[PDB]
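S.K.:
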Amino acid sequence: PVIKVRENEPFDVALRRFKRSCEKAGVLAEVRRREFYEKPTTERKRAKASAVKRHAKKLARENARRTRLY
Amino acid sequence: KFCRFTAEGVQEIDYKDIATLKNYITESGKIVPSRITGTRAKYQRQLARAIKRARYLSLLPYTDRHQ
Amino acid sequence: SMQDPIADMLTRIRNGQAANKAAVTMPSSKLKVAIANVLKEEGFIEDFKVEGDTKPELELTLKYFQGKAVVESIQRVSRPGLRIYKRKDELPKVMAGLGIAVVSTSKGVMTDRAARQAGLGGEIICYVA
Amino acid sequence: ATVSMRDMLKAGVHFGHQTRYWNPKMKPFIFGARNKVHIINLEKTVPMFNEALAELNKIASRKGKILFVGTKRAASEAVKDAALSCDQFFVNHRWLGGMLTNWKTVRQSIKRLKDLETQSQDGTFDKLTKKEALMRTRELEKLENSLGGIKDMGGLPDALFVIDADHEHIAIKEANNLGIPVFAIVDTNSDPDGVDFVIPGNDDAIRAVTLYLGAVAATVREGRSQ
Amino acid sequence: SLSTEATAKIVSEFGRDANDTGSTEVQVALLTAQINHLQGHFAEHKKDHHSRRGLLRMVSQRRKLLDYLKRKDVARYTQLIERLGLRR
Amino acid sequence: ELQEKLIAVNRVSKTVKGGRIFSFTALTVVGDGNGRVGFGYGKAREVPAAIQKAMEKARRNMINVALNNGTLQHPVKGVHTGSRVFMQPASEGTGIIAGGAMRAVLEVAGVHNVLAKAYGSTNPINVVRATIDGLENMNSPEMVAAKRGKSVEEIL
Amino acid sequence: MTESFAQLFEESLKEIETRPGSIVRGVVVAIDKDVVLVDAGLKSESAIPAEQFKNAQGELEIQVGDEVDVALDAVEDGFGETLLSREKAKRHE
RNA sequence: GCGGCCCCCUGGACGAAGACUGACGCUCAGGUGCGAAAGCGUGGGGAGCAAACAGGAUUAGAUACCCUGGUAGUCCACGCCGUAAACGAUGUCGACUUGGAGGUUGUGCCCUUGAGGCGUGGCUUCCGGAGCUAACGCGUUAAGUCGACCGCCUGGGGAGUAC
RNA sequence: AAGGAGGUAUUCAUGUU
Ligand SMILES: [Mg+2]
Ligand SMILES: [Mg+2]
Ligand SMILES: [Mg+2]
Ligand SMILES: [Mg+2]
Ligand SMILES: [Mg+2]
Ligand SMILES: [Mg+2]
Ligand SMILES: [Mg+2]
Ligand SMILES: [Mg+2]
Ligand SMILES: [Mg+2]
Ligand SMILES: [Mg+2]
Ligand SMILES: [Mg+2]
Ligand SMILES: [Mg+2]
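Residue numbers (full-length UniProt numbering), protein chains in the order written: chain A, 2 to 71; chain B, 9 to 75; chain C, 2 to 130; chain D, 2 to 227; chain E, 2 to 89; chain F, 10 to 165; chain G, 1 to 93.
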């Protein structure tokens, strides 16, 4: 994320652009993931668990529109 | 999202076309997910291969910072 | 691999009756047609026919009386892994006589009652109730 | 009295739900699919409807009580008018679980409603405080919405005419438990197993429910004329 | 695997027309050519266990075909295992 | 005219916050000694209330059995959960040679001669369900002939 | 003699067009405060919000029997209710 | 078990239409082979990581968790080893039995009107019906219904131990 | 870090930027 300062752009405005650019490239998430080694089994387990719960919540939501709560 | 390779009949993506490939890399230089671009999985694999071949021949940069 | 076409035909009848199908179809053979005739004459199936010249297909139209299927149970008795033969005195009585035991005697395939009257033993293909 | 394919087709009886919601048990009555929507085979509807009408007529002639059950927003007022105009009983609000199988407890509530209603006519809700005249009034309103169509039934009915077999599964199951035949308008997404006189056809259009109810009300009216 | 031209030559030699590809003789001949070819590969690639599993399937299939042929017509079998230079 | 029989009474517990709440369950069977038999399972805090609830529940939900002169039509098999139950028609005079729960249900349904044997879990609740299911899945020559489109003499 | 449902439906189908995106005549069957019940000859009578008819002048410019026109969304939508819309038909023409 | 890109050698799977062989099949004790990681032998190589170990803290104690280092090992070549929660805790082969939403890879047709519509194959994820399941569940990829053949089980501990 | 909104999420000309 290489942000060049634009003309007339105040520092706060440029800084917001730079922070969002980094958050878009996902630098901090990448660094946190590479702090410590995790076994391939741990990685696969975590990936599979997120998929299962994400799918379950989507299905739960898509059935919550069916019924009325009051 | 609509795939721009299925609608054009493209068989092979080609690594020598540095206009289409520039649309499919980000500013940092990484390949954009197919979930974002709406490309199909078959063309995604071809596209990733083409981008990697272009990087070797220095038609595309590996990252935004080595230059 | 298919190694008991008779059991396959019994299985198709059982599954078709359980799934309330009008008719079932299977590849044909003369032994299958013989068993089908015994069933039809005992009133367990409504009709049967064979269609096809080089690869005949045997079609059986199944019977339901009060919504329920007529064949309550049908089980292969002699099987390739264990053949069963019985002398004339030792013929079985399926459901105290209320069922039929398809017995392949030397004079053809018939019911247990017919073979017992004809004084024959033979192989026991199936029990039908 | 008598309906025909043109009348059913004008009211929209052939339309069903969309294909991905159907019941495989409902396949026989399905004509085809058009634009991802099932189409109901009116050649099955007409003889089934006429046969259900004949059985309903016979019950009405033998002085059987008919309970018109329909509670969807598309058939509440329709079922109320048909049962009033055919001299029979109805339920058009949320069916109380146990109306039939728990008739003893439901009957005590019926008695409470009658006493409350007579008290209102007499003027009893004047001696008590204003709050006790709104609480009891509110109690009467609730009891009317729930059991206002069967307050005079006095017993288990002899037939149910349920508009939506899908929505009113509880009522159909209680009927099957007790022994009461069910005449049900059944859509493509519904289960016809607990129904004794199935009538395939759209059950969500006001036009269609009015069609079924007018025919059924006329048959019961004529059978009681006898 | 075996090239298009190589298969065509073998089919002509062992089949009684250009369209006879299913004959036991032709099948054994095709299997034998491919088996003989792969020997050089597995001489250089002793650690290619995955490809070697494919090769063992071929060897196994040739034995089954030869057993059938020997039981079905012994004279064709002797002629074939002599032309193809195969023991037993 | 309905003979009734209580087969088993059993004390259960619920273990509420304050301690154990003991209640009673009663298994009963009623029958007219001529082919109709039903079972009822009632729970309560006292034994009389439990048996009363069970008897009432059993008088309802009765079914009809096709009995042959105080005996079965043919050998039957009944299975419910982990209970298998074999029953066989016997000759007049043998008596009812059956197990523990099977004895009560057969006596009240009017079977005077039977050879019965339970294979598997002999839990009275499941045994009663299995024997009643077997008695219900038993057909007579009349209905078998009607089903097959024959006469009874044709079926013999 | 009877025009079997096959031929009868074969006529009906070209008489009322069911395309997800085609405007069709719709007769208002009932006016309500915030909803309007229209019928286009489909699986159900759609409940359109009334503000497409109480116009920018705040006037419910229509009433019962008005052959309005509305956009077809689906002959059945999840809960057996045809989905229609008036401002869609508005915006198209 | 396999993850940059390129080349060379090589195995299997699937689809379309057609031709050919003519039961040549399925299963398989014994046997043979493959088989994570750790480990072993011989020689390499060694950036990072890291048993053992050394030190610093924590603690009533701390032969641990935490910190700073750090050797074998992890990498290569050639041999051993033969084992894992080697798991879908579900042997292989075949047939039959209501449905729905998807993924992935072929193919046919229709107006491709513009990513459309309509079919038909392979593999695969999730719901689910009847039926099966002590129950959980399972469900056309069964744990329904059947057939062929092989492997195993017979209370818990002693013990997967002794000989 | 905290809250709000939209979705299971984008088509949303390119250009400009
Ligand atoms: Mg036991
Ligand atoms: Mg072995
Ligand atoms: Mg190792
Ligand atoms: Mg070493
Ligand atoms: Mg070394
Ligand atoms: Mg350390
Ligand atoms: Mg082991
Ligand atoms: Mg593993
Ligand atoms: Mg696993
Ligand atoms: Mg194991
Ligand atoms: Mg499931
Ligand atoms: Mg040992």
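C-beta atoms are modelled at their ideal positions from N, C-alpha and C, and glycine is treated no differently.
Determine which residues share a DSSP beta bridge with D/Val80 and list them.
M.R.: According to DSSP, D/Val80 bridges with nothing at all.
S.K.: Of the residues D/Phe126, D/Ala176, D/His170 and D/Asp127, which one's Cα is nearest the Cα of D/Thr102?
M.R.: Closest option to D/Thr102, Cα to Cα, is D/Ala176.
S.K.: For D/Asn203, count neighbouring C-beta atoms within 10 Å of its own C-beta (all shown protein chains included) and say buried if the count is 16 or more, exposed if not.
M.R.: Classification for D/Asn203: buried.
S.K.: In terms of alpha-carbon separation, which member of D/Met9, D/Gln120 and D/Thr20 lies closest to D/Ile207?
M.R.: If we check each option's Cα against that of D/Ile207, D/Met9 comes out closest.
S.K.: Can you round the beta-carbon distance between G/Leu72 and G/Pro20 to whole angstroms, since I take them to be within the 8 Å contact cut?
M.R.: G/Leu72 to G/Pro20, Cβ: 7 Å. Contact.
S.K.: Does the structure place the stretch 75-86 of chain F close enough to the stretch 142-154 of chain F that three or more beta carbon pairs sit under 8 Å?
M.R.: A contact exists between the stretch 142-154 of chain F and the stretch 75-86 of chain F.
S.K.: Tell whether a beta-carbon distance below 9 Å holds between D/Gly65 and D/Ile164.
M.R.: No, Cβ-Cβ distance for D/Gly65 and D/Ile164 is not below 9 Å.
S.K.: In whole angstroms, what is the alpha-carbon distance linking E/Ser24 and E/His38?
M.R.: Taking the straight line joining both Cα atoms gives about 21 Å.
S.K.: Just to make sure I have the definition right: I need the residues of chain C whose C-beta is within less than 8 Å of the C-beta of F/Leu165. Which are they?
M.R.: Going along chain C in sequence order, the residues near F/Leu165 (Cβ under 8 Å) are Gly98 and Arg114.
S.K.: Check distances from the C-beta atoms of the stretch 30-63 of chain B to those of chain A and list, in chain order, the residues that come in under 7 Å.
M.R.: So the close ones are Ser36.
S.K.: Taking C/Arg80 as the reference, which of C/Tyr128, C/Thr26 and C/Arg13 has the closest Cα?
M.R.: Nearest option by C-alpha distance: C/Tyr128.
S.K.: Tell me where the alpha helix (DSSP H) around F/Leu115 begins and ends.
M.R.: Note, F/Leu115: alpha helix (DSSP H), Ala110 to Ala118.
S.K.: For the beta strand (DSSP E) containing C/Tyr128, name the first residue and the last one.
M.R.: Where C/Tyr128 is concerned, the enclosing beta strand (DSSP E) stretches over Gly123 to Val129.
S.K.: Sort C/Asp5, C/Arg84 and C/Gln18 by Cα distance to C/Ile75 and report the nearest one.
M.R.: Of the candidates C/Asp5, C/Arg84 and C/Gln18, the one whose C-alpha sits nearest the C-alpha of C/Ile75 is C/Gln18.
S.K.: Return the Cβ separation of F/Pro98 and F/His83 in integer angstroms, given the expectation that the two are a contact with Cβ distance under 8 Å.
M.R.: About 7 Å separates the two Cβ atoms, so the contact holds.
S.K.: When you compare the CB of G/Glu93 with every CB in chain D, is at least one pair closer than 9 Å?
M.R.: So, not an interface residue.
S.K.: Could you tell me whether the stretch 69-87 of chain D touches the stretch 205-225 of chain D, using the rule of 3 or more Cβ pairs below 8 Å?
M.R.: Judged by Cβ distances under 8 Å, the stretch 69-87 of chain D makes contact with the stretch 205-225 of chain D, as three or more pairs qualify.
S.K.: Using a Cβ-Cβ distance under 9 Å, would G/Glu67 count as near chain D?
M.R.: Output row for G/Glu67: interface = no.
S.K.: Any beta carbon of chain F sitting closer than 9 Å to that of C/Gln118?
M.R.: No - not a single Cβ of chain F is within 9 Å of the one on C/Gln118.
S.K.: Between D/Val14 and D/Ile41, is the Cβ-Cβ spacing less than 9 Å?
M.R.: It is a contact, given that the beta carbons lie within the stated cut-off.
S.K.: Here's a check: name, in chain order, each residue in its chain whose Cβ is nearer than 6 Å to the Cβ of C/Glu124, leaving out the five neighbours to either side.
M.R.: Excluding sequence neighbours, C/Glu124 sits near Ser79, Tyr86 and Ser105.
S.K.: Since E/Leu66 contacts E/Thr33 with CB under 8 Å, what's their CB separation in whole angstroms?
M.R.: Contact doesn't hold; Cβ gap of about 10 Å is too wide.
S.K.: Answer yes or no: do D/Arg95 and D/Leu144 have a C-beta to C-beta separation smaller than 9 Å?
M.R.: Against a cut-off of 9 Å, the Cβ pair of D/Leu144 and D/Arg95 comes out as no contact.
S.K.: Could you check the C-alpha separation between B/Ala15 and B/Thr45 for me, to the nearest Å?
M.R.: Roughly 14 Å between the two C-alpha positions.
S.K.: In the stretch 36-54 of chain C, which residues sit with their C-beta less than 8 Å from some C-beta in chain F, listed in chain order?
M.R.: Those would be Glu43, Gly44 and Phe45, in chain order.
S.K.: Can you tell me where the alpha helix (DSSP H) holding E/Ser52 begins and where it ends?
M.R.: Counting along the chain, the alpha helix (DSSP H) containing E/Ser52 begins and ends at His50 to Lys73.
S.K.: Between which two residues does the alpha helix (DSSP H) containing F/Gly87 stretch?
M.R.: Run containing F/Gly87: none in the alpha helix (DSSP H); it sits in the beta strand (DSSP E), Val85 to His89.
S.K.: Would you grab the beta carbon distance between D/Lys45 and D/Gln19 for me? Rounded to a whole angstrom, and I think it's under 8 Å.
M.R.: About 20 Å; that fails the 8 Å criterion.
S.K.: Which parts of the UniProt domain "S1 motif 1" (21-87) of chain G are runs of the alpha helix (DSSP H), unbroken and 4 residues or longer, counting only runs that do not cross its ends?
M.R.: Here no run is fully enclosed.
S.K.: Residues of chain G with CB under 8 Å from D/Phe30, in chain order?
M.R.: Per Cβ cutoff of 8 Å: no residues; D/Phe30 is ~12 Å from chain G at best.
S.K.: Mind reading off the beta-carbon distance from F/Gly119 to F/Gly40? Whole number of angstroms is fine, and I expect it under 8 Å.
M.R.: Indeed they touch by this definition, with Cβ atoms about 7 Å apart.
S.K.: How should B/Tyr32 be labelled, buried or exposed, when 16 other C-beta atoms within 10 angstroms of its C-beta is the threshold for buried?
M.R.: B/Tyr32 comes out buried.
S.K.: Tell me the residue span of the alpha helix (DSSP H) that contains C/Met27.
M.R.: From DSSP, C/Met27 is part of no alpha helix (DSSP H) but of the beta strand (DSSP E) over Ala24 to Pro28.
S.K.: Looking only at its own chain, which residues have a Cβ that is under 8 Å from the Cβ of D/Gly224, when we skip the five neighbours before and after it?
M.R.: So the qualifying residues of the chain are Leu57, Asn58, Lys59, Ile60, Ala61 and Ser62.
S.K.: Report the partner residues of C/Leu59 according to the DSSP bridge assignment.
M.R.: In DSSP, C/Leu59 forms a bridge with C/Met27 and C/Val51.
S.K.: Going by C-alpha to C-alpha distance, which of C/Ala119, C/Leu121 and C/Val95 sits closest to F/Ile164?
M.R.: Taking only the C-alpha atoms, the option nearest F/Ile164 is C/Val95.
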